[PDB]
Amino acid sequence: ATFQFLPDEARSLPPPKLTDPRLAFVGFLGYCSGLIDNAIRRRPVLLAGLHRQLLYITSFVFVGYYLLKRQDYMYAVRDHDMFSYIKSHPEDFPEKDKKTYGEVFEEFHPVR
Amino acid sequence: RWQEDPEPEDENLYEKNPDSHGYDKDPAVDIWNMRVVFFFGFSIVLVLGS
Amino acid sequence: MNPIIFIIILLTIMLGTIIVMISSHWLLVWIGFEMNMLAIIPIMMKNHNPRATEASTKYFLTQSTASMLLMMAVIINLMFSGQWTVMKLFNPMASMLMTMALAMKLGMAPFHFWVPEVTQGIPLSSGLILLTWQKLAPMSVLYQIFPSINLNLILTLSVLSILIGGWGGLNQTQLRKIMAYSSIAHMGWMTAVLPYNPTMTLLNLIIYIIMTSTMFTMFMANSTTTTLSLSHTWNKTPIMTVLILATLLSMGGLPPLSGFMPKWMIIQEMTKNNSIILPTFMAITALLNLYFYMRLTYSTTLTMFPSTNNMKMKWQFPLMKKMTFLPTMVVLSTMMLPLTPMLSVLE
Amino acid sequence: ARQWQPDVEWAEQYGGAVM
Amino acid sequence: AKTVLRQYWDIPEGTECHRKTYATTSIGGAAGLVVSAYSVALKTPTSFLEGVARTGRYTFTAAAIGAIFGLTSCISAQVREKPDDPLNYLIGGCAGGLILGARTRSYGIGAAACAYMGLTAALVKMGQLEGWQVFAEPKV
Amino acid sequence: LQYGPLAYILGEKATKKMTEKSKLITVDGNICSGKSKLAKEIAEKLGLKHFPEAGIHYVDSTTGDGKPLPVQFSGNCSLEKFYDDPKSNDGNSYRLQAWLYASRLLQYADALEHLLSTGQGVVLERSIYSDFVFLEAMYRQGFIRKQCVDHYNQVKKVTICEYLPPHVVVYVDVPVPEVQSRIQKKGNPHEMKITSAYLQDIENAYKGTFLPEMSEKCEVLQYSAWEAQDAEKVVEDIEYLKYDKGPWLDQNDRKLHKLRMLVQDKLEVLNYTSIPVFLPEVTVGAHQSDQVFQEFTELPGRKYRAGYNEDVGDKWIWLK
Amino acid sequence: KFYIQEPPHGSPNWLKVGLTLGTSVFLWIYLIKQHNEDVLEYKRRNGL
Amino acid sequence: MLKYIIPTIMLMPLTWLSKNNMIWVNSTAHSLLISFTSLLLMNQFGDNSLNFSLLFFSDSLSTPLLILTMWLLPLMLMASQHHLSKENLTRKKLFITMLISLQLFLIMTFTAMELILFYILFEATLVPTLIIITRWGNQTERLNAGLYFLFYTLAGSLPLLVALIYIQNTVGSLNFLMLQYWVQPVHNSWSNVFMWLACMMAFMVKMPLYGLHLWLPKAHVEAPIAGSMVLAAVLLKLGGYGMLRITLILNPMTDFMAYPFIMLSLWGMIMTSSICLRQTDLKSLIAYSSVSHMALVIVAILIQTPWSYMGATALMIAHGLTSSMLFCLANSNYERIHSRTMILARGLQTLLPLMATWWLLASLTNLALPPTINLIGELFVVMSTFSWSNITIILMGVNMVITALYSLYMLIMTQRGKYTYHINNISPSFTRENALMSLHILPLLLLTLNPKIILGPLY
Ligand SMILES: CCCCCCCCCCCCCCCCCC(=O)OC[C@H](COP(=O)(O)OCCN)OC(=O)CCCCCCCCCCCCCCCCC
Ligand SMILES: CCCCCCCCCCCCCCCCCC(=O)OC[C@H](COP(=O)(O)OCCN)OC(=O)CCCCCCCCCCCCCCCCC
Ligand SMILES: CCCCCCCCCCCCCCCCCC(=O)OC[C@H](COP(=O)(O)OCCN)OC(=O)CCCCCCCCCCCCCCCCC
Ligand SMILES: CCCCCCCCCCCCO[C@@H]1O[C@H](CO)[C@@H](O[C@H]2O[C@H](CO)[C@@H](O)[C@H](O)[C@H]2O)[C@H](O)[C@H]1O
Ligand SMILES: CCCCCCCCCCCCO[C@@H]1O[C@H](CO)[C@@H](O[C@H]2O[C@H](CO)[C@@H](O)[C@H](O)[C@H]2O)[C@H](O)[C@H]1O
Ligand SMILES: CCCCCCCCCCCCO[C@@H]1O[C@H](CO)[C@@H](O[C@H]2O[C@H](CO)[C@@H](O)[C@H](O)[C@H]2O)[C@H](O)[C@H]1O
Ligand SMILES: Nc1nc2c(ncn2[C@@H]2O[C@H](COP(=O)(O)OP(=O)(O)OP(=O)(O)O)[C@@H](O)[C@H]2O)c(=O)[nH]1
Ligand SMILES: N=C(N)NC(=N)NCCc1ccc(I)c(Cl)c1
Ligand SMILES: [Mg+2]
């Protein structure tokens, strides 16, 4: 759908687990930003403003959840498009008969 | 040509602490840093590892 | 300048860019460029000095000329297609003129001469808009007309930008002129991949904007505009020097930092198309960028330059600059590589 | 022996109009 | 450019070395003029004669490298009866670099020019044989 | 709200606070000319804020707890050492004048900020506009080098241009022979070493450059030794001045907003006082710079931004 | 030490501290509420 | 590998949250504990490697390199804590952080299944190494050394990135387990000649190959001691490790493409050994000894025989412990006389009798006295190189003669003869220094009892 961040069809995909390792990483980036925010302003890095440090983790996680949801949808679309095309053009994707190594001939290159 | 701090003197760790192990200026920390290296380095890794 | 007037003009700079990006009609695209140009000149002239006047004039003459070749391309396209829709052009002369028009707007070599001079002559905050936000509108047009773009023309502009951007930065001590030649070099990467995968042009544009904003924001933080003044930062804000080092290494494209992601993904899309020589040449020539980034790190973070006695008076005063989004931007400039697959959101 | 750090003569290499 | 390059590429290697020199001298002469035009424009000469004198040097030097390469490379092909050999161009590319050194009157430049021009020329011949694409056409 | 474009938009405009009494007054004069007494008495009668003359430790008095810091944090520049050996190899003479100008520059910014934000006038003792008289006196006597003056003029050019001169320039004329005598009566052993040629150069600079220049842009009132004694008669002269010249007539709220933005940001005020010009007298090597900066952050209340140091009592740091 | 001037951040700004903590609380509730609907709609569309 | 990655990452919080005076004690104690658990990687089977997940796997090539890596971290901390005594506290914690992050990149480099994941970590090791040399080096030339180190590496690495990406397009995967079964022969053509060079030249620069080595003596003379330990012990072996992996997909083209590089190595090892005889700088001498030893490793990898790979693995481990020990010994002299000139301080066996024992043992391993694992590695390479071409025994034999000459020259020049009269600050060896040397030599000699665990996958 045109200019939609997440089209409707994406709802038939399983949403990212809130324990997604990628999401856990995004939350870690939010935490790192909070510490840097304390440092550049010469505040105690770990302790100063935990209300601020908390909004960093939340905002990164909140934004990163939907970015991950669209990331998954866009790869699902890619596979859907690709598999459908292979079905629409059987003559371009033929099923070869696989020989076994007993039959296929490969040259031997000695290491002497 | 500027305002500079001269070249600092070499400090012999032995003069203040003749029993220094060379790990730290503070004697108590110097003892602990020796024990962990020897206990973990030799008693654990090399003996139990071997 | 009145604060309300500054906000209105700044919104008109953005409005013109938005018009270019939502227009389906070539005339409205042209209007968006004129509106953007009309609103950015007063931001260049803000501090009213002979250098700002020179920069504004050189910018106006270059942008005004490029806009005229753009409109000529549009009218030729109307002649040979009888329509105004923003898409592939229907005349090879129209494509050449529009491609050159957009190269001039972007400051790509050999149309690059204005970028170092205009950037040097305007305040840091105006240079930030110039080297980041002003790239969006011309790139959004390229994104839509690339099927008709001449491959030899676009790749020649890419190659020249990387070489001239790499060589030009070697001779600079002014931070604003180092960022200008860095910009030229990075534009070459964005257009080099455009014929093959436009999604990677967007990826490179986005990450470049993040890193460029991070550097300009930290230069603005200490009000530094030269190498030597920047070398005093260690004696004022030691943290700011570590952020500059990390960001500069990222701009240089070193793993495991974010800035390696665009070079990595562009090389991938070019090798899928059996382009080996060009990406190999581009990567090696990008070592010029890494060299004059490395010098900034040496004089800023990895050594301690001589300071001055009056520097001690600054120890007693906190940083007061807004430094908006700097904590978030610096983390995005460095620690994004593990999330590279997220690039499919741009698809 | 103290670690070497840039002096005035070294720093002046970056104070010119060009490199 | 396409026409002159095609003429050089579309005649068999190592045969009719007087023609090849016409093609590589034209490429060399043209490149020298392009340098002259930008140089004259960006670095204004003090007089009309200086501007013409500068153009003559760049165009002659570039054309001389073009002729020698197209001659040295072709003569070695017939001499060695190895028409499809990158080694021929390596010699042809080096000979060009030596001329650049003499015209610039610098052994260091002449020594460096041989290595880069000889190896660059050898790579171009490999590209032609193997089908290497510089500006590859989009395929996927 | 901290002051900024938003606060200016909402109504905070300097023309609201300012009145016929929002004036910046500067008292100048040679050494031991009676400036401080006169300036302090002018301030009380007119109800103005009084800034004592900016010394070496002025900056200390505006940050932290306000007490002077050890001299190594001002660069070891010393006024006493200047009188004892003004031709010292260590360059203390110019390091002092460079430091003092920066201190005056900071006091002027503070004075202007007080005027703009509250509308109340201020009285100062010397300023960045008259600080050069000590520079010239030092040079004529050979206490500093030609390069140092060049450096001073570089810094002054890119800093004094941003500000507005005082409305009133009160000046006290005390000829050198009386200045001589008034120094011994002070009893400071270091000052008594002052030569008269040095004091004459100071006088020549004031009467040669300062007063002629400031007459075109400010109101200048000159007083003799006895004239200065009746502070009430000095205030009477101030109260009936016309005020019909100088750049203050051209100031509008747009300009005073931009000016107020500069003076509230002290690191922007002091930006160019540390330009990378490598004079021996003001250049500090990396090891000395680094070692002293480590000490500074070890001072009480100095490690963190003000309001986040719980070694001096700050609270709620986890919610700030 | 006991600062001569009142620091700009002498005491907490309880309006921002109120809005900061509330905004975090709001966003977290919104996210989990959204994640619930996403899972339920996913199962619904997929027959689960 | 998470059981090694996660604890390594935890060393960063431990250092930063450690009490001001416990940074060296805490980091040393817990990095030694991590080294202990690294022995659990010895669960190796005859046929199948140890494949943990889609991302990481461990075989008998990577396992000894992992154990050497995690062992080297505590040793680097002990060696650094004296010359960093006056450093600022937060700058101490940043120095330890650079070393911890170097270990993190190294253990993931040696266990990545896929070659692009290997490439990214292979390159990530530059950033910490560059920062250590340039930030904590001592002299002016540390800035040039960082630049030569950076650009020599990248000039080779960038072509490798292109080659690896091209391989994934054509083969479909860069997973190393997958490549073992989908490997196809490389036929003659100029396109393949440059694919071979692209795949190998990045690793050649790391070894380093003779001709491309001139960055290494620069880095060693300018690096801090910890920099020199990791650079010599492990970072050089990134090139060898990558070669032993990537040559799988370069056959049979290696049959003739190896000739220029075997000639460089065989002749280069004689040249670099002879240079060692005339070096005036003790650190430069030890640097030039690494180039000579790694020439054997290059030849062994390129001839591709079961004996040569077994010898190649043993040398990389044996060299790693010996070269690191030699750098530490020279550094202990430097920390006294503050000079790297070899002829400055003579006759030190008179003044430091026990440190002369360490000097003797390190020299004996360096010249490959049997049955040290230094000789087991050297001998296997000579055996295989003889079957490659019998004449190589002449070059191999000459190198051993010269190798003994400069190894004992260095011992004789610094430890024997008459002491230098005016150097009067030679303090008795500290317990820290004596333990530092023993933690090098004792494992190195212990491995002669069980040499199989360092012979590699072809054992
Ligand atoms: C599971 C998590 C594992 C951790 C992985 C860390 C990955 C790197 C994350 C980058 C962000 C680091 C934090 C940003 C810097 C802020 C901290 C600082 O600048 O100084 C240290 C500071 C203590 O100094 P102070 O100013 O006095 O503050 C008082 C508070 N105690 O505050 C402290 O005392 C400690 C704060 C953290 C110190 C960060 C140390 C630098 C880390 C960056 C170096 C590169 C990281 C390694 C690269 C490989 C990636 C895994
Ligand atoms: C790409 C994959 C990875 C994912 C990337 C994610 C990037 C996008 C994520 C969003 C990035 C911005 C988030 C920044 C969070 C920090 C904001 C904060 O904590 O502010 C605390 C407080 C002011 O916040 P406050 O105004 O009270 O918030 C209530 C709003 N009604 O106290 C303060 O004074 C804060 C001062 C420091 C803030 C920096 C300066 C910018 C100003 C921000 C204003 C607040 C923005 C609120 C963001 C909420 C977004 C949900
Ligand atoms: C997670 C997957 C992705 C992995 C990619 C890699 C992630 C890296 C992300 C980098 C983001 C920047 C965060 C860096 C935090 C470093 C902490 C730090 O800055 O040191 C603390 C200190 C702060 O100083 P200050 O706040 O003013 O207080 C007084 C203390 N001197 O500062 C100082 O005083 C230090 C002054 C000396 C400067 C020494 C410089 C050498 C150390 C550089 C380490 C950082 C290198 C980053 C580059 C990438 C490394 C892999
Ligand atoms: C399986 C995990 C095993 C991890 C093992 C890690 C071993 C680390 C050994 C360090 C032991 C040091 O333990 C130490 O004890 C006392 C508390 O009793 C603390 O306090 C001590 O500090 C000083 C040292 O300067 C001592 O002289 C003094 O006796 C005491 O005040 C120290 O802060 C702590 O460092
Ligand atoms: C910077 C200077 C800009 C100056 C602009 C100058 C005016 C430009 C005029 C553009 C129109 C030129 O028109 C050019 O000639 C004829 C037009 O029938 C076309 O001719 C060509 O294309 C058409 C295809 O249908 C056919 O005639 C034929 O295949 C071929 O000859 C070209 O495709 C067209 O590009
Ligand atoms: C440190 C640098 C080391 C450099 C090492 C140099 C190695 C030299 C390898 C020479 C062989 C190169 O690869 C060679 O290429 C051509 C492909 O065009 C192949 O030959 C093929 O194309 C050529 C075209 O000229 C025809 O002559 C030939 O009929 C055809 O079979 C050769 O069968 C192959 O042997
Ligand atoms: N070199 C130098 N000395 C200065 C400067 N400002 C003040 N001084 C010295 O500081 C001392 C005291 O300041 P003065 O006002 O001039 O002397 P005074 O005794 O207080 O006499 P009053 O004007 O009444 O206050 C004098 O000895 C001055 O020489 C300066 O900018 N440069
Ligand atoms: N290479 C192009 N020109 N087009 C492009 N960006 N993708 C084309 C193929 C593609 C790739 C990834 C995804 I996710 C999807 Cl949905 C589709
Ligand atoms: Mg006084």
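As the structure lists them, so they are numbered: ligands from 1, and atoms in each ligand from 1. Computed over heavy atoms, backbone and side chain alike; hydrogens, waters and symmetry mates excluded. Each chain gets a letter, A, B and so on, in the order the sequences are listed, and its residues count up from 1.
Less than 4.0 angstrom separates some heavy atom of E:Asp84 from each of these atoms of ligand 6: 25 (O). Atom numbering of ligand 6 starts at 1 in the shown order; those under 4.0 Å from a heavy atom of H:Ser189 are 13 (O), 15 (O). Heavy-atom contacts of H:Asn188 reach the following atoms of ligand 6: 34 (C), 35 (O) (cutoff under 4.0 Å). Short contacts between ligand 6 and H:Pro260, defined as distances under 4.0 Å to a heavy atom of the residue, involve ligand atoms 3 (C).
Per-atom contact check: atom 34 (C) of ligand 6 touches the protein, criterion being a heavy-atom distance below 4.0 Å. Distance screen at 4.0 Å: atom 24 (C) of ligand 6 has a protein heavy-atom neighbour inside the cut-off. By the definition of a contact as any protein heavy atom under 4.0 Å away, atom 28 (C) of ligand 6 is not in contact. Protein heavy atoms are found inside the 4.0 Å sphere centred on atom 15 (O) of ligand 6.
At the shortest separation from atom 5 (C) of ligand 6 among protein heavy atoms lies H:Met257 SD, 3.9 Å. Nearest protein heavy-atom neighbour of atom 9 (C) of ligand 6: H:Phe256 CE1, 3.8 Å. Protein heavy atom nearest atom 1 (C) of ligand 6, with residue, atom name and distance: H:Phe261 CZ, 3.9 Å.
Taking the six-membered ring where the residue is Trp, the centroids of F:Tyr108 and F:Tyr129 are separated by under 6.0 Å. The aromatic ring centroids of F:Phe51 and F:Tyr58 lie 6.0 Å or more from each other. For H:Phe203 and H:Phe122, the ring centers sit closer than 6.0 Å to each other. Two rings, from F:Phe293 and C:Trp315, have their centers less than 6.0 Å apart.
Distance alone, capped at 3.5 Å, is enough to place a donor-acceptor pair between the F:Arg126 side chain and the F:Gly29 backbone.
At a 4.0 Å heavy-atom cut-off, ligand 6 touches E:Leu129 through the side chain alone.
Under 4.0 Å from any atom of ligand 7, one finds heavy atoms of residues F:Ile31, F:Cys32, F:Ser33, F:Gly34, F:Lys35, F:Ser36, F:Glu53, F:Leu79, F:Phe82, F:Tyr83, F:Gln97, F:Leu100, F:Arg104, F:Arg126, F:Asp131, F:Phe134, F:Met138, F:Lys186, F:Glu191, F:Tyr198.
Under 4.0 Å is where a charged nitrogen must lie from a carboxylate oxygen, and between E:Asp85 and E:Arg80 at least one such pair does. We find that F:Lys40 and F:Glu125 are not joined by a salt bridge, their nearest charged nitrogen and carboxylate oxygen being 4.0 Å or further apart. With salt bridges taken as basic N to acidic carboxylate O contacts below 4.0 Å, none links F:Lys320 and F:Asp314. Using a 4.0 Å cut-off between charged nitrogen and carboxylate oxygen, F:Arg140 and F:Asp201 do not count as a salt-bridge pair.
Under a cut-off of 6.0 angstrom, the local environment of CH2 in E:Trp9 is crowded, with over 12 non-hydrogen atoms contributed by other residues, nucleotides or ligands. More than 12 heavy atoms of other residues, nucleotides or ligands shown are found within 6.0 angstrom of CZ on F:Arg182.
Considering backbone and side-chain atoms alike, E:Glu130 places an N or O below 3.5 Å from some N or O of ligand 6.
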Take H:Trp136 and H:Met98 through the side chain to side chain contact (heavy atoms under 4.5 Å, CB included) test and state the conclusion after the steps.
-> CA-CA 11 Å; H:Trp136 284 285; H:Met98 290 299 94; 4.3 Å; yes

Quick one: ligand 1 N/O to protein N/O pairs below 3.5 Å?
residue, atom, partner, partner atom, Å
ligand 1, 27 (O), F:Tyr304, OH, 3.2
ligand 1, 28 (O), A:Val45, N, 3.4

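By the 30° and 60° cut-offs, the orientation of the rings of F:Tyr206 relative to F:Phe210 is perpendicular.
Annotation: cation-pi pair F:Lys156/F:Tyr101 absent, no NZ/CZ under 6.0 Å from the ring centroid and within 45° of its normal.
Legend: side chain to side chain donor-acceptor pair (under 3.5 Å) pairs involving residues 121-130 of chain H, not counting sequence neighbours, sorted by first then second residue: H:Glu123-H:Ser157. Annotation: side chain to side chain donor-acceptor pair (under 3.5 Å) contacts involving residues 187-196 of chain F, sequence neighbours excluded, are absent.
Residue nearest to atom 10 (C) of ligand 6, selected from H:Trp190, H:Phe194, H:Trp196: H:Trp190 (by heavy-atom distance).
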